[PDB]
Amino acid sequence: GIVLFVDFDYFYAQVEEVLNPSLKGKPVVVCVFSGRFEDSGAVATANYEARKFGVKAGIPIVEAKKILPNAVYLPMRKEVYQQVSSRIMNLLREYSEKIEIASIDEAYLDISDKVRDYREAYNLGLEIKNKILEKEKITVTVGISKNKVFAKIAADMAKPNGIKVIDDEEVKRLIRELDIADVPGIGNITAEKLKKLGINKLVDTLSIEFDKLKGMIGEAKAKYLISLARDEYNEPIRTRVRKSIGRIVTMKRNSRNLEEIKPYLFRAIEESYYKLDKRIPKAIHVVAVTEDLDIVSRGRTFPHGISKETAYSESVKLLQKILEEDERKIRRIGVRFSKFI
DNA sequence: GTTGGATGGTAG
DNA sequence: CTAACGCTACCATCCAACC
Ligand SMILES: Nc1nc2c(ncn2[C@H]2C[C@H](O)[C@@H](COP(=O)(O)OP(=O)(O)OP(=O)(O)O)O2)c(=O)[nH]1
Ligand SMILES: *Nc1ccc2c(c1)Cc1ccccc1-2
Ligand SMILES: [Ca+2]
Ligand SMILES: [Ca+2]
Ligand SMILES: [Ca+2]
């Protein structure tokens with residue numbers, strides 16, 4: 001059983017460079033502007049040139065501009081990128097039918113019935129890399145391994161513009177040697193709990209007792225880690241099926257004023273219903289981000305589909321509920337539909 | 001119990 | 001106005017419900 005993982009290089013910045021070859025070689029920062037002040041907002045992604053200087057996803061635009069003022073700042077165009085994204089996701093279909101599209105920029109192919117061994121797998125990788133390079137000018141990074149988690153880890157190790165195999169030998173090796181905080185799904189909070197426990201390596205989960213580990217990092221995460229370490233991890237490549245559409249946005253100034261807030265809430269609903277496209281959701285959630293970035297939400301599930309009209313009235317009763325039950329101002333507001341028929 | 005909803009935390 | 005864009009997926013927990 002063989003899994004090939006593709007993940008596009010600095011994707012949005014790269015699409016801008018292909019849309020503007022002059023930018024190539026020089027720092028490019030794709031950022032969302034917010035409208036609260038001169039350069040309010042955040043960098044969504046930066047090319048590798050930029051990154052060398054500290055400009056990366058999540059930092060304030062006004063900060064990035066401290067560091068790199070001469071650099072090129074470009075407003076995000078999610079729609080332009082999703083189109084390139086989709087063309088690429090179709091080229092990959094041409095190489096395997098069983099494909100798990102994981103994000104705007106990464107997909108898992110199962111290539112078991114296409115290649116005989118990792119050698120042929122590698123070569124297919126090479127071929128995929130060329131094909132996406134020919135037709136879309138984007139460079140990707142490819143990871144090949146026995147399952148999804150380790151094909152991802154391969155890609156993480158190989159990036160910019162690489163291709164890397166992890167054979168059943170090195171899967172065994174990495175279970176013993178890789179920092180457990182590099183295993184997909186293990187972030188800062190989970191890593192600091194595992195260290196306290198004295199678990200630094202995937203193999204260490206077999207030596208600790210299960211109930212004690214459950215106690216710390218939850219059941220789901222426990223099993224996942226154990227399975228990885230036992231070499232039993234074998235979730236299949238399933239087809240992407242969305243469970244949530246949503247859209248939440250940052251207002252021009254903080255407010256508690258229902259009149260000031262609605263136009264945001266309703267532009268949120270219009271885009272969500274538009275993204276839904278034939279999907280009927282049974283549940284709606286209004287989500288507020290307070291003046292100090294704590295996240296608060298309220299919602300409702302109906303026994304039937306939510307019409308756009310019902311979404312309106314309900315989204316306002318939900319927003320009110322928020323303002324009633326929490327007195328902080330509101331910096332971002334938006335909506336999330338779910339539980340589709 | 002196992003299930004489902006509301007809300008929230010963690011991750012990518 | 002004075003820093004923090006925005007997307008989806010999954011799991012944990014508290015807390016009725018339906019036996
Ligand atoms: N707005 C926004 N988009 C993000 C963020 N993180 C990732 N993305 C989007 C934009 C990226 O171009 C796209 C793919 O990002 P990756 O996580 O795969 O890293 P990226 O491809 O941009 O550079 P790569 O060499 O992996 O690191 O996903 C983020 O914090 N904010
Ligand atoms: N707003 C936002 C935050 C994180 C991520 C996206 C959007 C898309 C994406 C893809 C892969 C990893 C992380 C993110
Ligand atoms: Ca990616
Ligand atoms: Ca990427
Ligand atoms: Ca990690």
# chains A, B, ... in the order shown; residues from 1 in each chain; ligands from 1

call {"tool": "residues_near_ligand", "arguments": {"ligand": "ligand 1", "cutoff": "9 Å", "atoms": "only C-alpha atoms (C1' of nucleotides) and all ligand atoms", "output": "mmCIF file with C-alpha atoms (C1' of nucleotides), in the first residue's frame"}}
result
data_model
loop_
_atom_site.group_PDB
_atom_site.id
_atom_site.type_symbol
_atom_site.label_atom_id
_atom_site.label_comp_id
_atom_site.auth_asym_id
_atom_site.auth_seq_id
_atom_site.Cartn_x
_atom_site.Cartn_y
_atom_site.Cartn_z
ATOM 1 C CA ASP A 7 1.643 20.140 -1.316
ATOM 2 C CA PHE A 8 2.223 23.324 -3.294
ATOM 3 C CA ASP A 9 5.078 25.726 -2.472
ATOM 4 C CA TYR A 10 4.146 29.087 -0.799
ATOM 5 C CA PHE A 11 1.049 28.692 -2.813
ATOM 6 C CA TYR A 12 -0.576 32.147 -2.918
ATOM 7 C CA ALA A 13 2.628 34.053 -3.251
ATOM 8 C CA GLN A 14 3.670 31.607 -5.939
ATOM 9 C CA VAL A 15 0.469 32.125 -7.914
ATOM 10 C CA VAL A 30 0.116 38.361 0.418
ATOM 11 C CA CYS A 31 -1.985 40.065 3.056
ATOM 12 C CA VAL A 32 -5.606 40.737 3.987
ATOM 13 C CA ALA A 42 -2.307 40.406 8.590
ATOM 14 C CA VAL A 43 -0.010 38.539 6.219
ATOM 15 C CA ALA A 44 -1.777 35.476 4.849
ATOM 16 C CA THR A 45 1.386 34.049 3.211
ATOM 17 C CA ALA A 46 4.860 35.149 2.199
ATOM 18 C CA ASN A 47 7.291 33.808 -0.348
ATOM 19 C CA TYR A 48 10.558 32.262 0.770
ATOM 20 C CA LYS A 56 5.334 34.898 7.582
ATOM 21 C CA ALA A 57 1.694 33.877 8.005
ATOM 22 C CA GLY A 58 -0.120 35.613 10.860
ATOM 23 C CA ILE A 59 2.122 38.615 11.589
ATOM 24 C CA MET A 76 -5.168 38.313 -1.134
ATOM 25 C CA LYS A 78 -8.718 33.689 -2.697
ATOM 26 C CA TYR A 81 -5.826 30.835 -6.242
ATOM 27 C CA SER A 103 -6.864 21.837 1.358
ATOM 28 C CA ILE A 104 -6.541 24.524 -1.292
ATOM 29 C CA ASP A 105 -3.007 23.338 -1.744
ATOM 30 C CA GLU A 106 -2.485 19.729 -0.680
ATOM 31 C CA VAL A 140 5.173 21.433 -5.475
ATOM 32 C CA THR A 141 6.778 19.181 -2.892
ATOM 33 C CA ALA A 155 6.811 16.511 2.531
ATOM 34 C CA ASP A 156 7.460 18.585 5.625
ATOM 35 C CA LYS A 159 10.099 21.344 1.230
ATOM 36 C CA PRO A 160 10.648 23.859 -1.116
ATOM 37 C CA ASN A 161 10.480 21.921 -4.350
ATOM 38 C "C1'" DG B 12 -3.200 22.846 9.986
ATOM 39 C "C1'" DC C 5 -6.157 38.148 7.974
ATOM 40 C "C1'" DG C 6 -9.391 33.986 7.671
ATOM 41 C "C1'" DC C 7 -10.676 28.821 6.256
#

call {"tool": "interface_residues", "arguments": {"of": "chain A", "to": "chain B", "cutoff": "7 Å", "atoms": "only C-alpha atoms (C1' of nucleotides)", "output": "tab-separated table (two decimals) with N, CA and C atoms, in the first residue's frame"}}
result
chain	number	residue	atom	x	y	z
A	185	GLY	N	-0.81	16.70	13.69
A	185	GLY	CA	-1.83	16.76	14.72
A	185	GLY	C	-1.31	17.01	16.13
A	187	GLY	N	0.45	19.86	18.22
A	187	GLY	CA	0.85	21.27	18.24
A	187	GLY	C	1.52	21.66	19.55
A	297	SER	N	-19.56	32.09	20.60
A	297	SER	CA	-20.60	31.75	19.63
A	297	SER	C	-21.87	31.25	20.28
A	299	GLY	N	-25.62	29.10	18.80
A	299	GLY	CA	-26.26	28.48	17.65
A	299	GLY	C	-27.55	27.71	17.93

call {"tool": "interface_residues", "arguments": {"of": "chain C", "to": "chain A", "cutoff": "10 Å", "atoms": "only C-alpha atoms (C1' of nucleotides)", "output": "number ranges by chain"}}
result
C: 1-12

call {"tool": "residues_near_ligand", "arguments": {"ligand": "ligand 5", "cutoff": "9 Å", "atoms": "only C-alpha atoms (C1' of nucleotides) and all ligand atoms", "output": "number ranges by chain"}}
result
A: 179-188, 190-191; B: 11

call {"tool": "select_by_dssp", "arguments": {"residues": "segment 20-198 of chain A", "states": "strand (DSSP E)", "output": "ChimeraX atom specification"}}
result
/A:28-33,41-46,72-75,99-101,106-110,140-145,163-166

call {"tool": "write_last_selection", "arguments": {"atoms": "C-alpha atoms", "output": "PDB file, in the first residue's frame"}}
result
ATOM      1  CA  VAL A  28       6.300  38.978  -1.856  1.00  0.00           C
ATOM      2  CA  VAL A  29       3.768  39.232   0.957  1.00  0.00           C
ATOM      3  CA  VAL A  30       0.116  38.361   0.418  1.00  0.00           C
ATOM      4  CA  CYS A  31      -1.985  40.065   3.056  1.00  0.00           C
ATOM      5  CA  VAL A  32      -5.606  40.737   3.987  1.00  0.00           C
ATOM      6  CA  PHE A  33      -6.198  44.456   4.680  1.00  0.00           C
ATOM      7  CA  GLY A  41      -4.564  43.476   8.856  1.00  0.00           C
ATOM      8  CA  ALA A  42      -2.307  40.406   8.590  1.00  0.00           C
ATOM      9  CA  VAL A  43      -0.010  38.539   6.219  1.00  0.00           C
ATOM     10  CA  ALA A  44      -1.777  35.476   4.849  1.00  0.00           C
ATOM     11  CA  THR A  45       1.386  34.049   3.211  1.00  0.00           C
ATOM     12  CA  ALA A  46       4.860  35.149   2.199  1.00  0.00           C
ATOM     13  CA  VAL A  72       5.772  43.868  -2.438  1.00  0.00           C
ATOM     14  CA  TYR A  73       2.476  43.821  -0.595  1.00  0.00           C
ATOM     15  CA  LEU A  74      -0.476  42.382  -2.460  1.00  0.00           C
ATOM     16  CA  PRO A  75      -4.047  41.912  -1.360  1.00  0.00           C
ATOM     17  CA  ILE A  99      -7.554  11.275  -4.306  1.00  0.00           C
ATOM     18  CA  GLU A 100      -8.047  13.067  -0.964  1.00  0.00           C
ATOM     19  CA  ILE A 101      -8.063  16.835  -1.553  1.00  0.00           C
ATOM     20  CA  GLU A 106      -2.485  19.729  -0.680  1.00  0.00           C
ATOM     21  CA  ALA A 107      -3.923  16.378  -1.769  1.00  0.00           C
ATOM     22  CA  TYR A 108      -3.346  12.688  -1.047  1.00  0.00           C
ATOM     23  CA  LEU A 109      -3.302  10.175  -3.927  1.00  0.00           C
ATOM     24  CA  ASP A 110      -3.353   6.435  -3.333  1.00  0.00           C
ATOM     25  CA  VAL A 140       5.173  21.433  -5.475  1.00  0.00           C
ATOM     26  CA  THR A 141       6.778  19.181  -2.892  1.00  0.00           C
ATOM     27  CA  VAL A 142       6.020  15.480  -2.850  1.00  0.00           C
ATOM     28  CA  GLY A 143       6.035  12.993   0.030  1.00  0.00           C
ATOM     29  CA  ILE A 144       5.678   9.227  -0.506  1.00  0.00           C
ATOM     30  CA  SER A 145       5.135   6.744   2.272  1.00  0.00           C
ATOM     31  CA  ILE A 163      10.398  14.812  -3.330  1.00  0.00           C
ATOM     32  CA  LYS A 164      11.020  12.366  -0.506  1.00  0.00           C
ATOM     33  CA  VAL A 165      10.277   8.728   0.250  1.00  0.00           C
ATOM     34  CA  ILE A 166       9.917   7.144   3.647  1.00  0.00           C
TER      35      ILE A 166
END

call {"tool": "atom_distance", "arguments": {"atom1": "atom CA of residue 311 of chain A", "atom2": "atom CA of residue 269 of chain A"}}
result
7.5 Å

call {"tool": "atom_distance", "arguments": {"atom1": "atom CA of residue 18 of chain A", "atom2": "atom CA of residue 95 of chain A"}}
result
23.8 Å

call {"tool": "atom_distance", "arguments": {"atom1": "atom CA of residue 51 of chain A", "atom2": "atom 6 (C, counted along the ligand's line) of ligand 2"}}
result
17.7 Å
